[PDB]
RNA sequence: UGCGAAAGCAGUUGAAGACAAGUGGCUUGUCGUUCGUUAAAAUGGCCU
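Okay, structure coming up:
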């Protein structure tokens, strides 16, 4: 009756390349810059910069 | 320690740099005024440059460089610049 | 006193149109009464002394007719933001009331004249005036389908008017002050209420006899009736709401209010209700949260107690808790 | 995180940022946010990055 | 009707500004609160009211940007080394400007500020500047969103007041001029859409103790333009 | 965890668990006022 | 970004006999006054109501002292023989004094010239006189007649009740603090009798056998009373007639007791006890009457008191000695135009909707070593350590912060003879203590590692190294002999 | 500095309006002033804590 | 580096190629080069 799942997130996982200095931050702001779209190694998190919560 | 550049007509400041840590006893320039060198009791010689075409068309000195060569002070500084001597 | 100069619901109570002053010029805005289905753009009256004297929702491009004080009925669509058409009489007299039945707009003038316009043709059909009715400030079309016979006009004293003969066929004892609400309840009754008194009276439009008197406990500002005569909710001068439940039954000649609703904040500050709307089992009350911005509330009015005190959350001394900082700063 | 005023060569600092700055950039149209990646290298057994933008006005960590 | 008659003030009303578009009046004084009133003829009511503790205010201004005209900031400041900026959202998100980016010695109090518009002049991108009147002759101009020190303009004497003039150039380009007066009466005009460099220096005929300069007849900081072509 | 589940930590830190008219007016107004 | 963490002062493991909160509070009773009386101070009472004056009964006079100047405000000298007891009424309005001729005389307080009434009690000396603590118009006087009397001060001719029954020398009364019908009296045969006054009164309802002759009986709760006499004091539950604590922490006989409640103190209640050998001690009734603080005086202490529960000012502990002197230890406690211009600065946001608060709190001032460690001036931080006016834990914590934080060697690089002598001259003193000596060890080791040539050149730190050598020789003899004591009691397990 | 010290000077003519403010205008000790951008409307704040409000009927 | 206990106990430190300097070679030293082995320094320091 036991089942395995992965339920909680992981590391943010930026560009793990050499030979790229500066822009290794792949997270984006919106154009109506109210929510901040960051990838993770398990998902895309979309936080909201007004309330600091993850909204999607 | 501050070094200021003043427009002569209108008799007024263009830009101030907070360069040295104590007094600036002596400062000098080259022929075409692309550089201003300056020194004092904190024993560093600062160089303020305006050599870029944008610097010359905008009248904007930058605090380019800074050297520590003297042991105690610098009370006198001067510059010579010719065809085989600068 | 209230900043909202004029205000009215659409039928079904889904939007509220309201005229308020904005730094010496009138502005007309429309708000949805429930967001779960801001609206930051207004119609601006461009003159400092032109102002709206009455307003009526038409029923289907949705629009408002705004009766102005220069002999004009502006017709203003709300999805767009322009007056689509400007009805005008031949005069400069302010117009005291308008109404419409279908496509047939009727209006009264400060020179006690009756004008008829056609919303389908954009034309002044009729202009007349009748004797011994000389201080008119309300009209109401008595509905008989597409026939728009029998206006019902008030001057402190309601008079029933046949428009084919342009004459008065009944005369009702009105009030001692100018009538401020004059509304048809059923096909045989109409309610009326005057300026600065707390007494409505329902008259029988076929005999002239007063059926009943309804007694608010403060001076009545607006009224709404549910569409089947079963409930009448009036809103008063002290910002309260009073619901007369089933007023047209056998508290025999004069009936008090059955329910009374007022709104207080969490503090103890009593905000005033202006201009509510009632329907079957549903009651939508309006107030102003900040200085001029209307907030609404839906209520199942049949299952609340009699003396109901709505509580709203309103900023009174709350520490500005910023979301990017814990409580210790 | 230092920011050099390139006119007068004048630093403004932000000193205790719980990780070394391995990437920093201005972000807004007017440049009202700084986004930073902080590598947090007290543990040598994992590369654990903190993503921290912050509004440029009062330099407070909006959305770490 | 007296505008603050609805909600009384607990101090002398030190500054006062209307909104550029909305029917709002912002009052503020030494009782470290600032109040917004929806004004009309009859019933000037109070929209909202924010009490900044420990920060008496001396100048308070509605700023509204030229790009989208949708920000609606309130910048307020008194005899403090900081200046608050409330972002109007109808809780309240305010930020605090407290960093002169290397220039704290020449700016010991944020009392006399003015807010103005500035154009990048290589893009057609405008942004608001706040302008702080400092000790020696200094005006410290800094960004109204990021707070970065942009430039500084020093006049020779005791700086007493200043004002902002704008002049159009072409379609969609204008130029900002800072007009700053000595106590003695001599006036500097700085072009500051480029680097903050003097373009004109003149002298007031008569006048020995000079307290206040103002411009008018076009867009001042108190009659602000909502759209860049209306400058 | 103390309610009959077992949490585990992956080496790339994913925590896992082993357990047991008016309508169009409304739409166009929410469009045109946003 | 955060704020900078403060430099944490190095605290070691705590040593035995730390300063308890009770003994910190009772140790700030200082600035002792010694007033030489004509004879032994036998009794001392306090004014209850404005609890700010106290009456001291010496021989043949009673002096009321003030609790703000500690001088005699008023004095009562018209007694014929030795006055024995002097207490204030519960309203603090009048003062009763029992005298060696058995003449209770009650004056009003703060007026020594109006003797209000002179009860002529027994022909024997009257040794204790106190009013009721609940009732106002009854006064209980016990005498050397082995019978106490309750007198109504209206009818001062015959005693309204005559509590007999004790076999020898009744020296103390007490009243029970909730039941006003209940008088506990104590005599030199032991045997605290106690009487219900609605009954006959010639028989106690029960008797508590303190074995020694009692000197005082006070009432702590409405239930429990404490009797002192002999070398101990005992406490007695009164609803169950039964002893429940006894403390015998003295050498000679406990002469007096009194009790405090609810006053501003870590101790919620306090019983202090005075005991003919010099000592007055304070016992805490909430943890089993354990002793918390004490004073030693210059002779046998005959009576003691403290300021009452509601003192609201300068608070006093007074002890009168049998030597004939009195010891007091106290603990103490622009234009209208301009204001109209600067009116609003005291408003603090009452009627205002939103109230913003981001004024940061002003923290404690940084010391020079802490700001130099902050500014990364590590040699200047060492210099700021070795100033003379520095605390020993502060020198230790800046040494430990430079040790953990960066480099001892960085802090010691540019030194020579004249700038190392502060460090080594402190290391002489720090090598003695246990808490410093590890840090002193590695700092001395590093400085002799990197200044071994200055050792050769300068002779005036050679002698400092030699003195340090003899210091470590003494300390290593101590650290060896401590291990020997450790073994020699490891043998005794 | 003194009470009721406010003048509205018309310009280009550079001539002070002589009918307002009168001796009975409750201006107070005028410590701030503001003009409306659209309504033609003065707000005048004095040291007592009162913004008084006037409308210029030319606008 | 491995086993360990926080003590300690066993193991070390090759090769190729390229480049730089010095005097095509020779010497020395490097490597954002590879294979194998379990294997100190540019006056340059922390916000309001």
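Residue numbers (the authors' numbering), protein chains in the order written: chain A, 9 to 64; chain B, 260 to 345; chain C, 2 to 38, 46 to 67, 72 to 262, 269 to 347; chain D, 321 to 384; chain E, 239 to 328, 336 to 476; chain F, 769 to 788, 818 to 831; chain G, 2 to 334, 353 to 512; chain H, 536 to 594.
All residues carry an ideal CB built from backbone N, CA and C; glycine is no exception.
Quick one: which unbroken alpha helix (DSSP H) runs of 4-plus residues sit fully inside the segment 344 to 370 of chain E? Chain order, please.
none
I want to see whether chain B comes within less than 8 Å of residue 349 of chain E, judged by CB atoms only; does it?
Stepping through the fifth chain from its first residue, residue 349 of chain E is reached at position 104. False, the Cβ-Cβ gap to chain B never drops below 8 Å.
Please name the residue, chosen from C:195, C:249, C:336, that lies closest to residue 369 of chain G on a Cα-to-Cα basis.
By one-based count along the seventh chain, residue 369 of chain G stands at place 350. That would be C:336, whose Cα lies nearest to the Cα of residue 369 of chain G.
With distance defined between alpha-carbon atoms, name the residue in C:61, C:281, C:304 nearest to residue 331 of chain C.
If you number the third chain from 1, residue 331 of chain C lands on position 313. Of the listed residues, the one whose Cα sits closest to residue 331 of chain C is C:281.
Select from C:177, C:100, C:88 the residue whose C-alpha is nearest the C-alpha of residue 82 of chain C.
Stepping through the third chain from its first residue, residue 82 of chain C is reached at position 70. Closest by alpha carbon: C:100.
Taking any Cβ of chain E, which residues in the segment 268 to 283 of chain B have a Cβ under 7 Å from it, in chain order?
269, 270, 271, 272, 273
If you count every other CB in all the chains shown that lies within 10 Å of the CB of residue 343 of chain D, and 16 or more means buried, which is it?
The count along the fourth chain starts at 1 and reaches residue 343 of chain D at position 23. Burial call: buried.
List the endpoints of the continuous beta strand (DSSP E) containing residue 301 of chain E.
What you label residue 301 of chain E is simply residue 63 of the fifth chain in a count that begins at 1. Run containing residue 301 of chain E: 297 to 301, per the beta strand (DSSP E) assignment.
CB-CB under 8 Å to residue 337 of chain G, same chain, minus the five flanking residues each way: which ones, in chain order?
One cannot assign coordinates to residue 337 of chain G, given that chain G in this structure leaps from 334 to 353.
Quick one: measure Cβ to Cβ for residue 44 of chain G and residue 60 of chain G, integer angstroms, because I've assumed they're closer than 8 Å.
For the purposes of this step, residue 44 of chain G is identified with residue 43 of the seventh chain, where counting begins at 1. For the purposes of this step, residue 60 of chain G is identified with residue 59 of the seventh chain, where counting begins at 1. Residue 44 of chain G to residue 60 of chain G, Cβ: 11 Å. No contact.
If the cut is a Cβ gap below 7 Å, which residues of chain B does residue 401 of chain E touch?
Counting from one through the fifth chain, the residue named residue 401 of chain E turns up at place 156. What residue 401 of chain E touches in chain B: 270, 271.
Do residue 443 of chain E and residue 305 of chain B have their beta-carbon atoms positioned less than 8 Å apart in this structure?
Taking the first residue of the second chain as position 1, residue 305 of chain B is located at position 46. Taking the first residue of the fifth chain as position 1, residue 443 of chain E is located at position 198. Contact flag unset, no.
I need the DSSP call for residue 27 of chain A, collapsed to helix, strand or coil.
Here the question's residue 27 of chain A lines up with position 19 in the first chain. Here residue 27 of chain A sits in coil by DSSP.
Comparing the C-beta of residue 824 of chain F with each C-beta of chain A, is any distance below 8 Å?
In the sixth chain, residue 824 of chain F corresponds to position 27, counting from 1. Answer no: the Cβ-Cβ gap between residue 824 of chain F and chain A never drops below 8 Å.
Who are the Cβ neighbours of residue 321 of chain D in its own chain at under 7 Å, not counting the five residues just before and after it?
As a working note, residue 321 of chain D is residue 1 in the fourth chain. Around residue 321 of chain D: 334, 337, 341, 344, 356.
Would you mind telling me which residues of chain C sit closer than 9 Å to residue 338 of chain E, beta carbon to beta carbon, in chain order?
The sequence position of residue 338 of chain E within the fifth chain is 93, counting from 1. In chain order: 338, 340, 341, 342.
Helix, strand or coil for residue 1 of chain G? Go by DSSP, reduced to three states.
Nothing about residue 1 of chain G can be reported from this structure: the residues present for chain G run from 2 to 512 only.
Given a threshold of 16 other Cβ atoms within 10 Å of its Cβ, counted over all protein chains shown, does residue 286 of chain G qualify as buried or as exposed?
Within the seventh chain, residue 286 of chain G is the residue found at index 285, counting from 1. It is buried - the Cβ of residue 286 of chain G has at least 16 other Cβ atoms within 10 Å.
So residue 130 of chain G and residue 88 of chain G are supposed to be a Cβ contact under 8 Å. How far apart are they, rounded?
Within the seventh chain, residue 130 of chain G is the residue found at index 129, counting from 1. Within the seventh chain, residue 88 of chain G is the residue found at index 87, counting from 1. Correct: roughly 6 Å between the Cβ atoms.
As an exercise, report each continuous beta strand (DSSP E) stretch of at least 3 residues that is fully enclosed by the segment 175 to 203 of chain G, in chain order.
183 to 188, 191 to 197
Mind reading off the beta-carbon distance from residue 15 of chain C to residue 819 of chain F? Whole number of angstroms is fine, and I expect it under 8 Å.
The residue given as residue 15 of chain C occupies position 14 in the third chain. The residue given as residue 819 of chain F occupies position 22 in the sixth chain. With a contact defined as Cβ atoms closer than 8 Å, residue 15 of chain C and residue 819 of chain F qualify at about 6 Å.
Starting from the C-beta of residue 74 of chain G, find all residues in its chain whose C-beta is less than 6 Å away, skip the five residues before and the five after it, and write them out in chain order.
In the seventh chain, residue 74 of chain G corresponds to position 73, counting from 1. Once the five neighbours on either side are set aside, the close Cβ partners of residue 74 of chain G are 65, 67.
Going by Cα to Cα distance, which pick from G:443, G:482, G:459, G:383 is closest to residue 347 of chain G?
One cannot assign coordinates to residue 347 of chain G, given that chain G in this structure leaps from 334 to 353.
DSSP on residue 489 of chain G, reduced to helix/strand/coil?
Taking the seventh chain and counting its residues from 1, the one referred to as residue 489 of chain G is at position 470. Note: residue 489 of chain G maps to helix in three-state DSSP.
Pick out the complete beta strand (DSSP E) segments inside the segment 200 to 228 of chain C, 3 residues or longer, and give them in chain order.
201 to 206, 211 to 216, 222 to 227
Consider the Cβ of residue 24 of chain C: report whether some Cβ of chain F lies at a distance smaller than 8 Å.
Within the third chain, the letter at position 23 stands for residue 24 of chain C. Taking Cβ atoms only, chain F never reaches closer than 8 Å to residue 24 of chain C, which makes this a no.
DSSP on residue 385 of chain G, reduced to helix/strand/coil?
Residue numbering aside, residue 385 of chain G sits at position 366 when the seventh chain is read from its first letter. It is coil, neither helix nor strand.
Could you compute how far the alpha carbon of residue 400 of chain G sits from the alpha carbon of residue 13 of chain G?
The count along the seventh chain starts at 1 and reaches residue 400 of chain G at position 381. The count along the seventh chain starts at 1 and reaches residue 13 of chain G at position 12. The alpha-carbon atoms of residue 400 of chain G and residue 13 of chain G are separated by roughly 22 Å.
Could you tell me which uninterrupted alpha helix (DSSP H) segments, each at least 4 residues in length, are contained entirely in the segment 419 to 488 of chain G, listed from first to last along the chain?
427 to 431, 440 to 449, 456 to 469, 471 to 476
Is the segment 215 to 226 of chain G touching the segment 180 to 195 of chain G in the sense that three or more CB pairs, one from each, lie closer than 8 Å?
By the criterion of at least three beta-carbon pairs nearer than 8 Å, the segment 180 to 195 of chain G is in contact with the segment 215 to 226 of chain G.
Just the Cα atoms here: how many angstroms apart are residue 308 of chain C and residue 286 of chain E?
Sequence index remark: in the third chain, residue 308 of chain C carries index 290 (1-based). Sequence index remark: in the fifth chain, residue 286 of chain E carries index 48 (1-based). CA-CA distance, residue 308 of chain C to residue 286 of chain E, rounds to 7 Å.
Counting along the chain, where does the beta strand (DSSP E) carrying residue 819 of chain F start and finish?
Here the question's residue 819 of chain F lines up with position 22 in the sixth chain. Counting along the chain, residue 819 of chain F falls outside any beta strand (DSSP E), though it belongs to the alpha helix (DSSP H) covering 819 to 829.
Count Cβ pairs between the segment 191 to 199 of chain C and the segment 140 to 157 of chain C that sit closer than 8 Å; are there 3 or more?
Contact between the segment 191 to 199 of chain C and the segment 140 to 157 of chain C is present, because at least three Cβ pairs lie under 8 Å.
Tell me the rounded alpha-carbon separation between residue 138 of chain G and residue 16 of chain G.
If you number the seventh chain from 1, residue 138 of chain G lands on position 137. If you number the seventh chain from 1, residue 16 of chain G lands on position 15. Straight-line Cα distance between these residues: approximately 56 Å.
Quick check: is the beta carbon of residue 433 of chain E nearer than 8 Å to any beta carbon in chain B?
Here residue 433 of chain E is taken as the residue at index 188 of the fifth chain, counted from 1. Closer than 8 Å to some Cβ of chain B, the Cβ of residue 433 of chain E qualifies, so yes.
For residue 57 of chain C, which three-state DSSP category applies?
Residue mapping note: residue 57 of chain C aligns to position 49 of the third chain, counting from 1. Looking at residue 57 of chain C - three-state DSSP - the assignment turns out to be coil, as it is neither helix nor strand.
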